[PDB]
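To be precise, the following lines are final-v2.cif, and they hold mmCIF, C-alpha atoms.
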```
data_target
loop_
_atom_site.label_atom_id
_atom_site.label_comp_id
_atom_site.auth_asym_id
_atom_site.auth_seq_id
_atom_site.Cartn_x
_atom_site.Cartn_y
_atom_site.Cartn_z
CA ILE A 1 103.32 85.01 97.67
CA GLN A 2 105.47 85.49 94.52
CA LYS A 3 106.06 88.74 92.62
CA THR A 4 106.69 89.28 88.88
CA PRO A 5 109.85 91.07 87.68
CA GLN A 6 109.75 94.24 85.62
CA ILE A 7 112.56 94.73 83.12
CA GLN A 8 114.20 97.65 81.37
CA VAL A 9 116.73 97.35 78.54
CA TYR A 10 118.82 100.40 77.67
CA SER A 11 122.26 101.87 77.11
CA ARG A 12 124.51 103.69 79.53
CA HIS A 13 125.08 106.38 76.90
CA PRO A 14 122.94 107.33 73.88
CA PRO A 15 123.72 104.84 71.12
CA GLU A 16 125.93 105.77 68.18
CA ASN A 17 126.53 103.09 65.56
CA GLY A 18 130.17 101.96 65.69
CA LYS A 19 130.80 103.34 69.19
CA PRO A 20 131.45 101.13 72.20
CA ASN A 21 128.67 101.36 74.79
CA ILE A 22 127.27 99.35 77.73
CA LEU A 23 123.89 97.67 77.52
CA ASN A 24 121.89 97.40 80.73
CA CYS A 25 119.24 95.01 81.90
CA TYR A 26 117.55 96.38 85.00
CA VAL A 27 115.36 93.88 86.80
CA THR A 28 113.12 94.83 89.69
CA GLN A 29 110.03 94.05 91.70
CA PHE A 30 110.69 90.31 91.93
CA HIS A 31 110.28 87.63 94.61
CA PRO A 32 111.66 85.10 95.45
CA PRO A 33 115.27 86.36 95.05
CA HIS A 34 116.44 83.54 92.69
CA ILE A 35 116.57 84.71 89.10
CA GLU A 36 118.35 83.84 85.80
CA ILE A 37 119.23 86.72 83.55
CA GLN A 38 120.58 86.43 80.00
CA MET A 39 121.31 89.03 77.35
CA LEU A 40 121.15 88.07 73.65
CA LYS A 41 122.72 89.40 70.47
CA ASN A 42 120.62 88.34 67.51
CA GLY A 43 119.04 85.35 69.20
CA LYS A 44 122.36 84.24 70.69
CA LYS A 45 123.18 84.27 74.41
CA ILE A 46 125.91 86.76 75.28
CA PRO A 47 128.64 85.07 77.34
CA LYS A 48 130.26 87.93 79.32
CA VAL A 49 127.42 89.59 81.25
CA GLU A 50 128.11 91.16 84.64
CA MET A 51 125.54 91.22 87.43
CA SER A 52 125.40 93.84 90.16
CA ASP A 53 125.05 92.60 93.74
CA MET A 54 121.45 91.98 94.76
CA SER A 55 119.50 94.37 96.92
CA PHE A 56 115.85 94.68 97.92
CA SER A 57 113.54 97.66 98.36
CA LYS A 58 111.29 98.82 101.22
CA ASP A 59 108.43 96.77 99.73
CA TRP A 60 110.61 93.66 100.14
CA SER A 61 111.14 93.12 96.36
CA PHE A 62 114.59 92.38 94.94
CA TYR A 63 116.34 94.31 92.17
CA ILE A 64 119.50 93.81 90.18
CA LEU A 65 121.43 95.30 87.27
CA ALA A 66 122.83 93.02 84.54
CA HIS A 67 125.00 94.57 81.84
CA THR A 68 127.50 93.88 79.06
CA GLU A 69 129.71 95.81 76.65
CA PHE A 70 128.50 96.27 73.10
CA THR A 71 128.95 98.32 69.95
CA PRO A 72 125.50 99.14 68.55
CA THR A 73 124.96 98.76 64.84
CA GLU A 74 121.99 99.68 62.71
CA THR A 75 120.67 96.11 62.40
CA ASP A 76 121.90 94.11 65.39
CA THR A 77 119.06 93.09 67.69
CA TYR A 78 119.52 93.00 71.47
CA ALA A 79 117.29 91.53 74.15
CA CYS A 80 117.21 90.57 77.79
CA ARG A 81 115.68 87.33 78.98
CA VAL A 82 114.52 86.63 82.47
CA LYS A 83 113.47 83.26 83.89
CA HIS A 84 111.73 83.50 87.26
CA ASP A 85 109.60 81.23 89.44
CA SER A 86 106.71 83.73 89.32
CA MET A 87 106.33 83.25 85.58
CA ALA A 88 105.28 80.32 83.40
CA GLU A 89 107.82 80.88 80.61
CA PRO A 90 110.89 83.15 80.37
CA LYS A 91 110.29 86.85 79.73
CA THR A 92 112.15 88.68 77.00
CA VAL A 93 112.56 92.42 76.42
CA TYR A 94 114.04 93.87 73.25
CA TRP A 95 116.26 96.91 73.22
CA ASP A 96 114.73 99.94 71.50
CA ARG A 97 117.38 102.62 70.99
CA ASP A 98 114.61 105.22 71.11
CA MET A 99 113.76 104.19 74.66
CA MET B 1 121.62 119.22 105.94
CA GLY B 2 118.17 117.64 106.21
CA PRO B 3 117.45 114.36 108.05
CA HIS B 4 119.55 111.22 108.02
CA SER B 5 119.14 107.47 108.21
CA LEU B 6 121.14 104.43 109.14
CA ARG B 7 119.45 101.30 107.80
CA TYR B 8 120.32 97.62 107.61
CA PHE B 9 118.66 95.30 105.10
CA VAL B 10 119.19 91.63 105.80
CA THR B 11 118.32 88.52 103.75
CA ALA B 12 118.30 84.89 104.74
CA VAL B 13 117.61 82.38 101.96
CA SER B 14 117.46 78.64 102.51
CA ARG B 15 118.28 76.41 99.54
CA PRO B 16 117.90 72.93 101.01
CA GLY B 17 120.03 70.15 99.56
CA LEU B 18 122.22 72.77 97.86
CA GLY B 19 124.01 73.69 101.09
CA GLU B 20 123.73 76.40 103.73
CA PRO B 21 121.39 79.40 103.58
CA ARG B 22 122.73 82.40 101.72
CA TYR B 23 122.97 85.21 104.27
CA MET B 24 123.36 88.89 103.41
CA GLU B 25 123.61 92.10 105.40
CA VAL B 26 123.64 95.45 103.63
CA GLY B 27 123.99 98.72 105.50
CA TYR B 28 122.89 102.10 104.24
CA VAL B 29 123.69 105.61 105.33
CA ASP B 30 121.03 107.91 103.87
CA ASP B 31 119.94 105.32 101.29
CA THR B 32 123.48 104.65 100.17
CA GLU B 33 125.10 101.25 100.61
CA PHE B 34 128.21 101.61 102.76
CA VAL B 35 128.72 98.10 104.19
CA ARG B 36 127.94 94.54 103.09
CA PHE B 37 128.29 91.06 104.56
CA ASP B 38 127.84 88.16 102.16
CA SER B 39 127.99 84.59 103.54
CA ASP B 40 128.78 83.07 100.14
CA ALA B 41 132.57 82.75 100.60
CA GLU B 42 135.35 80.79 102.30
CA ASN B 43 136.08 83.44 104.96
CA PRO B 44 133.19 85.91 104.79
CA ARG B 45 133.74 89.29 106.46
CA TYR B 46 131.92 92.61 106.79
CA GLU B 47 133.34 95.00 104.19
CA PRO B 48 133.36 98.69 103.23
CA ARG B 49 131.14 99.67 100.30
CA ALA B 50 132.24 103.31 100.33
CA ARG B 51 135.86 104.45 100.51
CA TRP B 52 135.17 106.72 103.49
CA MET B 53 134.54 103.64 105.63
CA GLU B 54 138.09 102.37 105.08
CA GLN B 55 138.81 105.03 107.67
CA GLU B 56 137.54 102.47 110.23
CA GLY B 57 140.11 100.08 111.67
CA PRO B 58 140.50 96.26 111.56
CA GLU B 59 139.07 96.21 115.08
CA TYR B 60 135.75 97.58 113.87
CA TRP B 61 135.58 95.15 110.93
CA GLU B 62 136.35 92.17 113.08
CA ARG B 63 133.56 93.10 115.46
CA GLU B 64 130.91 93.67 112.82
CA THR B 65 132.02 90.47 111.05
CA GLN B 66 131.58 88.43 114.21
CA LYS B 67 128.17 89.95 114.88
CA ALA B 68 127.07 89.14 111.28
CA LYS B 69 128.21 85.51 111.52
CA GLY B 70 126.27 85.20 114.74
CA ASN B 71 123.20 86.67 113.09
CA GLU B 72 123.63 84.36 110.11
CA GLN B 73 123.42 81.18 112.16
CA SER B 74 120.57 82.59 114.24
CA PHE B 75 118.57 83.24 111.04
CA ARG B 76 119.40 79.69 109.94
CA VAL B 77 117.48 78.45 112.97
CA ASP B 78 114.71 80.98 112.31
CA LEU B 79 114.25 79.25 108.96
CA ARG B 80 113.75 75.85 110.57
CA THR B 81 111.54 77.48 113.17
CA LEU B 82 109.37 79.11 110.52
CA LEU B 83 108.81 75.86 108.65
CA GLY B 84 107.26 74.68 111.91
CA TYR B 85 104.95 77.65 112.49
CA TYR B 86 103.71 77.34 108.90
CA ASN B 87 103.63 73.52 108.69
CA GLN B 88 105.87 73.62 105.62
CA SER B 89 108.00 71.09 103.75
CA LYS B 90 111.68 70.86 104.66
CA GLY B 91 112.39 70.88 100.91
CA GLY B 92 111.29 74.30 99.67
CA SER B 93 113.38 77.46 99.42
CA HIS B 94 112.24 80.16 101.86
CA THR B 95 113.23 83.78 102.50
CA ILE B 96 113.42 85.86 105.67
CA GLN B 97 113.96 89.57 105.32
CA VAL B 98 114.58 92.29 107.86
CA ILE B 99 114.68 96.05 107.57
CA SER B 100 115.75 97.92 110.69
CA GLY B 101 117.28 101.27 111.58
CA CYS B 102 117.04 104.85 112.74
CA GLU B 103 116.44 108.21 111.14
CA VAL B 104 117.46 111.48 112.83
CA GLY B 105 116.79 115.19 112.27
CA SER B 106 119.15 118.03 111.37
CA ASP B 107 119.73 118.34 115.11
CA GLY B 108 121.10 114.81 115.29
CA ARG B 109 118.07 113.61 117.27
CA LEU B 110 115.91 110.49 116.78
CA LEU B 111 113.06 111.22 114.39
CA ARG B 112 112.03 107.56 114.22
CA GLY B 113 113.07 104.02 115.11
CA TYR B 114 111.90 100.86 113.33
CA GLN B 115 112.37 97.15 112.66
CA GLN B 116 110.20 95.02 110.35
CA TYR B 117 110.29 91.38 109.27
CA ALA B 118 108.99 89.51 106.24
CA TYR B 119 108.80 85.80 105.36
CA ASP B 120 108.58 84.79 101.69
CA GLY B 121 107.90 88.39 100.70
CA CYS B 122 105.03 89.14 103.08
CA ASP B 123 105.07 91.29 106.24
CA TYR B 124 105.60 89.23 109.38
CA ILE B 125 106.14 91.38 112.45
CA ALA B 126 107.15 94.95 113.29
CA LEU B 127 108.11 97.11 116.21
CA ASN B 128 105.41 99.75 116.40
CA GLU B 129 106.22 103.44 116.20
CA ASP B 130 105.98 103.50 120.01
CA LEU B 131 109.24 101.51 120.11
CA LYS B 132 107.70 99.34 122.86
CA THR B 133 105.06 97.09 121.31
CA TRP B 134 104.75 94.72 118.35
CA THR B 135 102.28 94.25 115.52
CA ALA B 136 102.12 90.62 114.37
CA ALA B 137 100.94 90.38 110.75
CA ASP B 138 99.46 86.88 110.98
CA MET B 139 98.97 83.98 113.38
CA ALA B 140 102.43 82.43 113.22
CA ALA B 141 103.84 85.88 114.03
CA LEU B 142 101.70 86.05 117.17
CA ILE B 143 103.88 83.21 118.46
CA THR B 144 106.96 85.38 118.03
CA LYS B 145 105.12 88.45 119.34
CA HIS B 146 104.40 86.59 122.55
CA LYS B 147 107.91 85.13 122.58
CA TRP B 148 109.52 88.53 122.22
CA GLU B 149 107.31 89.82 125.03
CA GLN B 150 108.09 86.99 127.45
CA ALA B 151 111.77 87.92 126.97
CA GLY B 152 111.65 91.71 126.95
CA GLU B 153 113.14 92.45 123.54
CA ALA B 154 110.98 95.51 122.92
CA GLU B 155 113.14 97.22 125.56
CA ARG B 156 116.47 95.80 124.44
CA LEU B 157 115.93 96.95 120.87
CA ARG B 158 114.76 100.33 122.15
CA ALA B 159 118.26 100.95 123.51
CA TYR B 160 119.89 100.08 120.20
CA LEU B 161 117.72 102.30 118.02
CA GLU B 162 118.06 105.28 120.38
CA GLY B 163 121.62 104.72 121.60
CA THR B 164 124.29 103.00 119.51
CA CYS B 165 122.29 103.32 116.30
CA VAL B 166 121.98 107.11 116.55
CA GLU B 167 125.53 107.51 117.85
CA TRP B 168 127.16 105.50 115.12
CA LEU B 169 124.99 107.26 112.58
CA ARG B 170 126.73 110.43 113.78
CA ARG B 171 130.13 108.79 113.55
CA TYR B 172 129.27 107.60 110.05
CA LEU B 173 128.02 110.92 108.63
CA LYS B 174 131.14 112.42 110.17
CA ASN B 175 133.52 110.73 107.75
CA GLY B 176 131.14 110.32 104.83
CA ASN B 177 129.35 113.65 104.66
CA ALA B 178 131.55 115.18 102.00
CA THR B 179 130.99 112.25 99.67
CA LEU B 180 127.32 111.86 100.56
CA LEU B 181 126.44 115.46 99.69
CA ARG B 182 127.70 114.88 96.15
CA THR B 183 125.46 115.98 93.34
CA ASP B 184 125.51 115.35 89.60
CA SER B 185 123.16 117.53 87.60
CA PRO B 186 121.00 116.06 84.84
CA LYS B 187 121.78 116.85 81.24
CA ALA B 188 118.61 116.90 79.25
CA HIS B 189 117.61 116.89 75.59
CA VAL B 190 114.54 116.17 73.53
CA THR B 191 114.24 113.50 70.85
CA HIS B 192 111.69 113.30 68.02
CA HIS B 193 110.07 110.08 66.77
CA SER B 194 107.36 109.20 64.24
CA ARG B 195 103.89 107.83 64.75
CA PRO B 196 101.06 106.66 62.49
CA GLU B 197 99.27 109.42 60.59
CA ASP B 198 99.60 113.03 61.74
CA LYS B 199 100.97 112.40 65.24
CA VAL B 200 104.54 112.42 66.55
CA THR B 201 106.32 111.56 69.79
CA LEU B 202 108.46 113.95 71.83
CA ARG B 203 110.81 112.44 74.39
CA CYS B 204 112.53 114.40 77.13
CA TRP B 205 115.70 112.69 78.32
CA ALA B 206 117.53 113.41 81.53
CA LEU B 207 120.94 111.74 81.79
CA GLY B 208 123.82 111.44 84.24
CA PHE B 209 122.16 112.73 87.37
CA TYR B 210 122.73 111.85 91.02
CA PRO B 211 120.91 111.25 93.08
CA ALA B 212 118.07 109.40 91.38
CA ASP B 213 115.40 111.71 92.74
CA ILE B 214 114.22 113.80 89.81
CA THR B 215 111.09 115.16 88.20
CA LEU B 216 110.13 115.57 84.54
CA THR B 217 107.09 117.37 83.13
CA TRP B 218 105.66 118.41 79.77
CA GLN B 219 103.75 121.62 79.19
CA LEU B 220 101.26 122.66 76.54
CA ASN B 221 101.71 126.46 76.69
CA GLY B 222 102.46 126.55 80.44
CA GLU B 223 100.28 123.83 81.97
CA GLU B 224 101.29 120.29 82.92
CA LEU B 225 99.88 117.48 80.81
CA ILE B 226 99.32 114.65 83.32
CA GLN B 227 96.84 112.64 81.25
CA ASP B 228 98.60 110.31 78.75
CA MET B 229 102.15 111.54 79.31
CA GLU B 230 104.32 108.39 79.20
CA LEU B 231 107.46 107.76 81.28
CA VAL B 232 109.87 105.10 82.51
CA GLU B 233 111.05 104.41 86.04
CA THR B 234 114.31 106.08 87.10
CA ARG B 235 117.05 103.62 86.22
CA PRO B 236 120.82 103.28 86.78
CA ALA B 237 123.34 104.13 84.06
CA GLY B 238 125.57 101.61 85.79
CA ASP B 239 128.22 104.23 86.53
CA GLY B 240 126.69 105.71 89.69
CA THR B 241 124.31 108.04 87.82
CA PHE B 242 120.67 107.78 86.74
CA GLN B 243 118.33 108.13 83.79
CA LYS B 244 114.74 109.10 83.16
CA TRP B 245 112.56 110.21 80.28
CA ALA B 246 109.02 111.38 79.69
CA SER B 247 107.22 111.52 76.40
CA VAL B 248 104.15 113.01 74.78
CA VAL B 249 102.29 112.30 71.58
CA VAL B 250 101.62 115.67 69.97
CA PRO B 251 100.24 116.84 66.63
CA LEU B 252 102.63 117.01 63.67
CA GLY B 253 103.59 120.67 63.23
CA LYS B 254 102.59 121.70 66.76
CA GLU B 255 105.86 120.70 68.42
CA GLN B 256 106.98 124.23 69.26
CA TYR B 257 103.95 124.55 71.53
CA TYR B 258 105.47 122.06 73.96
CA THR B 259 107.94 122.46 76.77
CA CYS B 260 109.80 120.02 78.96
CA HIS B 261 110.81 120.68 82.53
CA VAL B 262 113.51 119.05 84.57
CA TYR B 263 113.42 119.53 88.32
CA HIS B 264 116.49 118.13 90.10
CA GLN B 265 118.30 119.05 93.32
CA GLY B 266 121.57 119.82 91.57
CA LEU B 267 120.06 122.46 89.33
CA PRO B 268 120.38 126.22 90.08
CA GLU B 269 116.92 126.28 88.56
CA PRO B 270 114.70 123.86 86.63
CA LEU B 271 115.78 123.20 83.06
CA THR B 272 113.38 124.17 80.31
CA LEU B 273 113.70 122.42 76.95
CA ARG B 274 112.13 122.35 73.52
CA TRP B 275 112.32 119.92 70.63
CA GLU B 276 114.77 121.61 68.27
CA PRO B 277 114.98 120.51 64.60
CA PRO B 278 118.51 120.90 63.20
CA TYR C 1 126.59 99.57 113.47
CA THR C 2 124.71 96.26 113.50
CA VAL C 3 122.38 94.77 116.10
CA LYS C 4 122.06 91.09 117.09
CA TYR C 5 118.68 89.75 115.99
CA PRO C 6 116.53 87.63 118.31
CA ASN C 7 115.27 84.18 117.32
CA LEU C 8 111.78 83.96 115.84
#
```
Please express what this file holds, its structure, as C-alpha cells.
Amino acid sequence: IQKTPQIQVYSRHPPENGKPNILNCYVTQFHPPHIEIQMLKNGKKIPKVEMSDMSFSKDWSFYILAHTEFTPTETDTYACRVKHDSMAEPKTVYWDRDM
Amino acid sequence: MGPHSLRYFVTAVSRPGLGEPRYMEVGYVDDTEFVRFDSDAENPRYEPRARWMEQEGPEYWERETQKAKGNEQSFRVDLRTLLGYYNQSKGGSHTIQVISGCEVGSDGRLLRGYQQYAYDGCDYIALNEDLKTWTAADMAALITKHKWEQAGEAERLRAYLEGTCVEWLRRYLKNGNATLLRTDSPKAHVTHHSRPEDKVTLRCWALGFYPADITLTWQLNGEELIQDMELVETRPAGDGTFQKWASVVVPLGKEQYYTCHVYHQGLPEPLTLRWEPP
Amino acid sequence: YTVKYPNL
C-alpha cells in the first residue's frame, strides 16, 4: 500500500526583503521511499537544493527536508514540487510568507 | 531524568536492474539520531551522528560496521524470500523496514522491549510485549512466525533487548547526557493578516525551540478555542530547532480579547502573548 | 549497539 506525501514550504527565519534566508521544503508521510523534490523560483527549477538524509517515523512513513538559500523579494514566487509514485501528477506547494 | 530509549530503524530497498538494495541503519538515543550506516558507498561504515559518539574507538566502529554489512546481505535475501511468500514479480521495487529497541526507566531498568517489521509500508510481524511470542500480521508472516519459533529466536532476541541493549543504552547516555539534555526555548510573536469583510487572522508563531515537543493555544478571555483554530505540524528550521504556529479568525476590532499561550519544556513558565499593533 | 537480524 502506497502513502501520499504532505508538504510544507517555509523559511528558516522570518522573511525580510533583501535579506539572505533559507527556504525549506519539508516532505513527510510518504511511501515508498523514492521521491523527487524540486524547488522553483518563478517557474524555474532551482539548481542548488540540498536534501537531508532520509528517515522514517514509527508509522513507517518516510520524511525528508529539502532546502536552498534565497533572498526573498516582494514579487518573487517560490514553490516546491514533489513527484511520487502515490500520485498521478507532481504536487506543487507555493511559499506564503505569512505561513 | 525521565525514561530513555535506544532504537534502531533499518531500511532495505530493492531496486532491481539498478544494482544492489539500498541498505540503511539509523540509531537513536532518546529519539535523537546518533549513528548511521548507509550502504550507498564504496567502503560503507557505521558512523557517528553526534559528536559525543566520537568518544568511541575504532574498535567499536569496526564491529558495528561488520554487523551492519552482515545485516545488509541478510536483508537482501529477505527481499528475495518475500517475493516468494507474496508471489511477486522479480522486477518491482520493494521495501523492508524494521524498528527495534529498548526503553528504560529513571532507574536504568527495562520498561519495555520491542521489535517490529513492515513490508512495503504495512505491518508484518512483531515480538509481543511478553518478549517471548510473535504476532504475525498476515499469512506470509505466519511462515516467518513458525520459522522463528522452530529456531528459538524469541529467546535469543530476549537476551539482546534486556542485556546488551540496556547496557549499551547506559554507556551511551553516559557520554551523551550533557548534550541530550539541551534545551532551546521558543521565541514567540503574533502576526496580523487580513480576511474578507470584517474578519481578521491572528497567528501565533513559536520559533527556534528544541526539542520539537511544544504546545500552542488561543484563548478568548481565558478559555481555549479548540473549534476552528488552525495550525501547522511542528517542522524543522533546518538548523536543529523547530517551528510551529496556530491561528484564529477573529472579529475586526476584537483582537485585544485574544491571548496566545506557548507551553514548552524550556520555559520557566508558559508564554502569554497578544497581537500588538505598532 | 546493533543486533543481528534473523532471515525472514
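In terms of minimum interatomic distance to residue 100 (chain B), B:161 ranks closest within B:166, B:161, B:122, B:140, counting all atoms listed in the file.
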What residues in chain B have any atom no more than 8 Å from chain C when counting all atoms listed in the file, and can you write them as a short mmCIF file (atom, residue, chain, number, x, y, z; two decimals) with C-alpha atoms, in the frame of the given file?
```cif
data_model
loop_
_atom_site.label_atom_id
_atom_site.label_comp_id
_atom_site.auth_asym_id
_atom_site.auth_seq_id
_atom_site.Cartn_x
_atom_site.Cartn_y
_atom_site.Cartn_z
CA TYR B 8 120.32 97.62 107.61
CA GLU B 64 130.91 93.67 112.82
CA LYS B 67 128.17 89.95 114.88
CA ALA B 68 127.07 89.14 111.28
CA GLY B 70 126.27 85.20 114.74
CA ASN B 71 123.20 86.67 113.09
CA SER B 74 120.57 82.59 114.24
CA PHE B 75 118.57 83.24 111.04
CA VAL B 77 117.48 78.45 112.97
CA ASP B 78 114.71 80.98 112.31
CA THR B 81 111.54 77.48 113.17
CA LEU B 82 109.37 79.11 110.52
CA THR B 144 106.96 85.38 118.03
CA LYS B 147 107.91 85.13 122.58
CA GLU B 153 113.14 92.45 123.54
CA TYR B 160 119.89 100.08 120.20
CA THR B 164 124.29 103.00 119.51
CA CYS B 165 122.29 103.32 116.30
CA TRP B 168 127.16 105.50 115.12
CA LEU B 169 124.99 107.26 112.58
#
```
**OP:** Can you give me, as a count of residues only, the residues this file yields under the PyMOL selection byres ((chain A and resi 46) around 12)?
**Re:** 23
**OP:** Taking the file as shown, find all residues satisfying the PyMOL selection byres ((chain B) within 8 of (chain A)) and write them as a ChimeraX atom specification.
**Re:** /B:9,26,95,97,99,118,120-122,193,235-239
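The space between CA of residue 152 (chain B) and CA of residue 134 (chain B) spans 11.4 Å.
Closest approach to residue 28 (chain A) among B:24, B:234, B:66, B:226: B:234, based on only C-alpha atoms.
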Original post:
What would the list of residues within 9 Å of (103.3, 115.3, 66.8) (file frame) look like as number ranges by chain, if all atoms listed in the file are what count?
Top reply: B: 192-195, 198-202, 248-255
Once the PyMOL selection byres ((chain B and resi 86-93) around 7) has been applied to the shown file, what residues remain in the selection, as a JSON list (two decimals) with C-alpha atoms, in the coordinates of the input?
```
[["chain", "number", "residue", "atom", "x", "y", "z"],
["B", 13, "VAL", "CA", 117.61, 82.38, 101.96],
["B", 14, "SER", "CA", 117.46, 78.64, 102.51],
["B", 15, "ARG", "CA", 118.28, 76.41, 99.54],
["B", 16, "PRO", "CA", 117.90, 72.93, 101.01],
["B", 82, "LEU", "CA", 109.37, 79.11, 110.52],
["B", 83, "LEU", "CA", 108.81, 75.86, 108.65],
["B", 84, "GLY", "CA", 107.26, 74.68, 111.91],
["B", 85, "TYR", "CA", 104.95, 77.65, 112.49],
["B", 94, "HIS", "CA", 112.24, 80.16, 101.86],
["B", 140, "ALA", "CA", 102.43, 82.43, 113.22]]
```
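With all atoms listed in the file as the atoms that count, the residue of A:94, A:15, A:64, A:73 with the shortest distance to residue 29 (chain A) is A:64.
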Nearby residues, (117.7, 80.9, 87.6) file frame, 7 Å, all atoms listed in the file, as a PDB file with C-alpha atoms, in the coordinates of the input:
```
ATOM      1  CA  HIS A  34     116.440  83.540  92.690  1.00  0.00           C
ATOM      2  CA  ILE A  35     116.570  84.710  89.100  1.00  0.00           C
ATOM      3  CA  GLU A  36     118.350  83.840  85.800  1.00  0.00           C
ATOM      4  CA  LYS A  83     113.470  83.260  83.890  1.00  0.00           C
ATOM      5  CA  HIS A  84     111.730  83.500  87.260  1.00  0.00           C
TER       6      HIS A  84
END
```
**OP:** Could you check how far CA of residue 276 (chain B) sits from CA of residue 245 (chain B), in Å to one decimal?
**Re:** 16.7 Å
Subject >> Interatomic distance, CA of residue 262 (chain B) to CA of residue 215 (chain B) (Å, one decimal) >> reply: 5.8 Å
If you take every atom of chain C that the file lists and fit an axis-aligned box around them with 8 Å extra on each side, what centre and edge lengths come out in Å to one decimal, as lines of an AutoDock Vina configuration file?
```
center_x = 119.2
center_y = 91.8
center_z = 115.9
size_x = 30.8
size_y = 31.6
size_z = 20.8
```
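Every protein or nucleic acid residue with an atom no more than 8 Å from residue 264 (chain B), counting all atoms listed in the file and leaving out same-chain residues fewer than 3 positions away, appears here: residues 185, 186, 213, 214, 215, 267 and 270 of chain B.
Close contacts of residue 46 (chain B), defined as residues with an atom at most 8 Å away when counting all atoms listed in the file, with chain neighbours fewer than 3 positions off set aside, comprise residues 35, 36, 37, 38, 61, 62, 64, 65 and 68 of chain B.
Closest approach to residue 184 (chain B) among B:105, B:230, B:43, B:210 is made by B:210 (distances from only C-alpha atoms).
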**OP:** May I have the residues within 10 Å of residue 172 (chain B) as an MDAnalysis selection string, using all atoms listed in the file and disregarding those fewer than 6 positions away in the same chain?
**Re:** (chainID B and resid 6 29 34 52:53 56 166) or (chainID C and resid 1)
